[PDB]
Amino acid sequence: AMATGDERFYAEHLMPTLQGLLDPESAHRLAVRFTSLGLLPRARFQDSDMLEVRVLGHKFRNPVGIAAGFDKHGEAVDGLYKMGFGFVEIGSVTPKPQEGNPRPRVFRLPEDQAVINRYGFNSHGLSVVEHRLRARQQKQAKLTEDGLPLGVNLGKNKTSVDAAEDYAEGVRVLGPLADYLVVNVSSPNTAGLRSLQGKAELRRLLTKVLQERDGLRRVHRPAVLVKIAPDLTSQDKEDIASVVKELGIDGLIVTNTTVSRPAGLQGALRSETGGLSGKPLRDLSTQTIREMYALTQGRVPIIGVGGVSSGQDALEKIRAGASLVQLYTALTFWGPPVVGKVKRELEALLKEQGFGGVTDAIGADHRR
Ligand SMILES: CCn1c(CO)nn(-c2cc3c(cc2F)C(=O)[C@@H](c2ccccc2C)CN3C(C)C)c1=O
Ligand SMILES: Cc1cc2nc3c(=O)[nH]c(=O)nc-3n(C[C@H](O)[C@H](O)[C@H](O)COP(=O)(O)O)c2cc1C
Ligand SMILES: CCCCCCCCCCCC[N+](C)(C)[O-]
Ligand SMILES: O=C(O)c1cc(=O)[nH]c(=O)[nH]1
Ligand SMILES: [Cl-]
Ligand SMILES: [Cl-]
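About the criteria used
Residues numbered from 1 in each chain as written, not as in the entry; some residues may be left out. Chains lettered and ligands numbered in written order. Heavy atoms only, no water. Helix = DSSP H or I, 4+ residues; strand = E, 2+ residues; numbered from the N terminus. Rg over C-alpha atoms; globule rule 2.2 N^0.38 Å. Buried < 20%, exposed > 50% of the residue type's maximum accessible area, 1.4 Å probe, protein only. Areas by Shrake-Rupley, 256 points an atom, 1.4 Å probe, with all protein chains shown as cover. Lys, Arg positive; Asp, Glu negative; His and termini not counted. Charge placed at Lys NZ, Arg CZ, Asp CG, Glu CD. Arc of directions from axis to C-beta. Contact = heavy atoms within 4.5 Å. Pairing = 2+ DSSP bridges. Axes fitted to C-alpha atoms, helices over the stretch in contact; angles between N-to-C directions. Polar contact = N/O pair within 3.5 Å; in protein donor to acceptor, adjacent residues only side chain to side chain. Near = heavy atom within 4 Å. Nonpolar A, V, L, I, M, F, W, Y, C, P; charged D, E, K, R; others polar. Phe/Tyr/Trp six-rings, centres within 6.5 Å; stacked < 30°, edge-to-face > 60°. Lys NZ or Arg CZ within 6 Å of the ring centre and 35° of its normal.

Header annotation of the entry names X-ray crystallography as the structure determination method and lists the resolution as 1.49 Å.

Caption draft 1: Spotlight on the overall build of the chain. In terms of helices and strands, the chain carries 13 helices and 13 strands. By the compact-globule yardstick of 21 Å for 368 residues, the chain fits well, its C-alpha radius of gyration being 19 Å. Viewed in the frame of its principal axes, the chain has a C-alpha envelope of about 50 × 45 × 45 Å. Sorting the 368 residues of the chain into buried and exposed places 58% on the buried side. On the chain, roughly 15,900 Å² of surface is accessible, and the fraction owed to carbon and sulfur atoms is 50%. Of the charged side chains in the chain, 49 are positive and 42 negative; the average position of the first set lies 2 Å away from that of the second.

Caption draft 2: How the structure looks around helix α4 (residues 126-134). Among the residues of α4, those classed as buried are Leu126, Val129, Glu130 and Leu133. Projected down its long axis, α4 carries its buried residues within an arc of 105°, all on one side. In this structure, the buried side of α4 is in contact with β4 (87-93), α5 (137-145), β7 (150-154) and α6 (163-174).

Caption draft 3: Up close: the pairing of strand β6 (residues 114-117). Because side chains alternate across β6, one face comprises the buried residues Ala114 and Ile116, and the other comprises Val115 and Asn117, equally buried. Here four bridges tie strand β5 (residues 106-109) to β6, and the two strands are oriented antiparallel to one another. Pairing of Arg108 across the sheet is with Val115, part of β6. Joining the antiparallel neighbours β5 and β6 is a turn of four residues, in which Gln113 adopts a positive phi near 45°. Of the pairings in the sheet, the one linking β6 to strand β11 (residues 275-278) comprises four bridges and is antiparallel in character. From the neighbouring strand, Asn117 faces β11, where its bridge partner is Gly275.

Caption draft 4: Structural context of the sheet that holds strand β12 (residues 302-305). The strand order around the closed barrel formed by eight strands is β3-β4-β7-β8-β9-β10-β12-β13, and the pairing between neighbours is parallel. Between one strand axis and the next, the sheet turns by 25° as a mean value, whatever way the strands run. Along the sheet, α6 contacts β4, β7 and β8 (180-184); its crossing angle with β7, the most-contacted strand, is approximately 155°.

Caption draft 5: Examining the environment of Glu89 more closely. With respect to the helices and strands, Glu89 occurs in strand β4. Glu89 sits in the buried class, given a relative accessible area of 0%. Put simply, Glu89 and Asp179 are 90 residues apart on the chain and 9.8 Å apart in space, counted from C-alpha to C-alpha. Look past the residues within four positions of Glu89 in its chain and what remains in contact with it is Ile66, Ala67, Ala68, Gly151, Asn153, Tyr180, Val182, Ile253 and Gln326. One polar contact links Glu89 to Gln326, side chain to side chain, over a distance of 2.8 Å.

Caption draft 6: Region of interest: the site of ligand 1. Contacts to ligand 1 come from 20 residues, most closely from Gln19, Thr35, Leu39, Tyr328 and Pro336. Contacts to ligand 1 include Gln19, whose side-chain N or O atom sits 3.1 Å from a nitrogen atom. Interatomic distance of 2.8 Å between a side-chain N/O atom of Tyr328 and an oxygen atom of ligand 1. When the free accessible area of ligand 1 is taken as 650 Å², the share hidden by the protein chains comes to 95%. Looking at the shell around ligand 1, the elements that each hand over two or more residues are α1 (2-21), α2 (24-37), β5 and α11 (329-334). Residues of the shell around ligand 1, tallied by class, amount to 15 nonpolar, four polar and one charged.

Caption draft 7: Structural view of the packing of aromatic side chains. With the rule as written, the count across this model stands at four aromatic pairs. An angle of 80° between the planes, with centres 6.3 Å apart, marks the rings of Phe9 and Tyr10 as edge-to-face. By relative accessible area, which is 15% here, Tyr10 ends up buried. Taken together, a centroid distance of 5.6 Å and an interplanar angle of 75° make the contact between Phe70 and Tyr328 edge-to-face. Placement of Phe70 in the loop between β3 (64-66) and α3 (77-82) and of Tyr328 in the loop between β13 (324-327) and α11 is noted, with a sequence separation of 258 residues between them. It is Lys341 that lies over the ring of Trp334; its NZ or CZ is 4.2 Å from the centre.

Caption draft 8: Fine view of the site of ligand 4. The immediate surroundings of ligand 4 are formed by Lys72, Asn117, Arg118, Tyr119, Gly120, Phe121, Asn184, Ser187, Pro188, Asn189, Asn256 and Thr257. Here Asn117 contributes a side-chain N or O atom positioned 2.9 Å from a nitrogen atom of ligand 4. Here an oxygen atom of ligand 4 sits 2.8 Å away from a polar atom, N or O, in the main chain of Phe121. Computed on the free molecule, ligand 4 has an accessible area of 290 Å², of which 91% lies beneath the protein chains in the complex. Looking at the shell around ligand 4 residue by residue, the class counts come to three nonpolar, seven polar and two charged.

What follows is the structure, given as structure tokens:
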């Protein structure tokens, strides 16, 4: 097809050539700019009814989203929908602006189809992002009604003395502009942050977040999800599941990047500090989805993320318990045509495996 034409040219020629000329962070910035301007190949893929999912109080035209980190500051939302994503997540956004870690802080591992990053929550801050989303608020209301929801991922400032207050501020400022919020407690690149996944600290934090969310007017009241690491102990996972059910958290995003370094990585930069993403994370993420689905009795929507680059990858996460999936790292290797690729392959596999649509496949492995 013309679809598989672009896919091949991008993956085999354009992307490796451009990536060889650019610093990884320059590549990131350039990608956000081009996306923001809508300077994109044609997304010829027409979303099928088979791909629609109803979860988190919304219709999703397709189950493939852009993960947090690509558009940290909400600059490229419309362009990301033009790429064919069924939903967009922006952030992480911190309350105050902050620079993040010194450069270089992003590393390519092409032999592993992986990235390592240590951005450290570089953010324009809540006020900037609020004004950016306000400028297109009604455009987004129509997008959401048309099955293209918006998520906002909230972080905390490096120097904050009260983490829960940083998240509360995010709920109050960006909650009214979001379909869902994410309490990101799983960056590997902010000191002490992942300790907020622990039981006592998590219950107190999430209680505060949910109280702030519940105080928003109805049409401005988002779902609240918790994004977790792939590096949790069994105890940590059980505790999260317990808290989520007790408080009525609306969903989970599973997973962030890993601080592990799986045996077999080949890239020269494998021992850089930071979170590892892409292919080496894939199965660690899938198995975290599987465990969290079981621990929550299939009653808590999961957005599955980590190492998705194909329809098989997406379907493995769906069958393990994800209602929706995200990707980021694949885009850095394949470019924009990867979105249509994943969707096309996923549709084909659903038909081959006897599923009437995505919904029927959610958690299917648990019923074998
Ligand atoms: C992890 C940081 N990081 C890295 C380095 O690790 N790369 N990277 C991306 C670069 C990208 C893209 C997507 C990316 F995620 C595109 O989709 C590319 C693109 C092609 C044609 C038209 C329109 C677009 C937007 C352009 N490129 C580069 C060649 C500039 C990115 O965020
Ligand atoms: C450069 C980079 C920056 C990221 N920044 C964030 C972030 O600000 N917030 C967050 O929740 N996740 C962040 N992530 C994690 C992704 O959202 C995702 O959970 C992870 O990369 C696994 O998906 P992937 O293998 O498809 O990239 C970032 C990932 C990368 C590669
Ligand atoms: C930073 C990426 C550089 C490559 C950009 C490729 C943009 C191609 C999309 C332009 C729109 C398509 N058109 C009308 C020319 O066929
Ligand atoms: O800003 C970052 O360093 C970052 C945040 C996050 O949640 N995950 C990640 O891999 N990087
Ligand atoms: Cl508002
Ligand atoms: Cl590390």
